[PDB]
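Notes follow once the structure below has been shown.
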Amino acid sequence: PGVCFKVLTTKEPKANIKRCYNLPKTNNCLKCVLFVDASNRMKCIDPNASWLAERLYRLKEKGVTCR
């Protein structure tokens, strides 16, 4: 997706996540893990978030892995 985050989400989203993406650091955009939730809203997670690995595990169990 052609998006560019300058703010990180740190709080764990409560909504179901349907897609995720690893977004790279650029001069304009932060490195973050992009979540698209079931309501089509985007939050780009701080890669340092403590809860993120477990959330990605749960997503993988459901058949959702990040692009």
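The numbers in full-length UniProt numbering rise by one with no breaks, and the one at position 44 of the sequence shown is 89. Where is the CB? At the ideal position from N, CA and C, for every residue including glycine.
Beta-bridge partners of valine 81, as assigned by DSSP: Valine 81 pairs with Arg64 and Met87.
Spatially closest choice to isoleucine 62 from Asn72, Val52, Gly47 and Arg86, by CA coordinates: In terms of Cα proximity to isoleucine 62, the closest of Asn72, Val52, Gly47 and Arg86 is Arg86.
Member of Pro46, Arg64, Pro92 and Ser84 whose CA lies at the smallest distance from the CA of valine 52: The residue with the shortest Cα to Cα distance from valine 52 is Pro92.
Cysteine 49 classed as buried or exposed, judged by whether at least 16 other C-beta atoms fall within 10 angstroms: Exposed, because fewer than 16 other Cβ atoms sit within 10 Å of the Cβ of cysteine 49.
Exposed unless 16 or more other CB atoms sit within 10 angstroms - verdict on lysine 88: Counting the other Cβ atoms within 10 Å of the Cβ of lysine 88 gives 16 or more, which makes it buried.
Inter-residue Cα distance where the pair is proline 46 and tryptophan 96: Straight through space, the alpha carbons of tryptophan 96 and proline 46 are spaced by roughly 24 Å.
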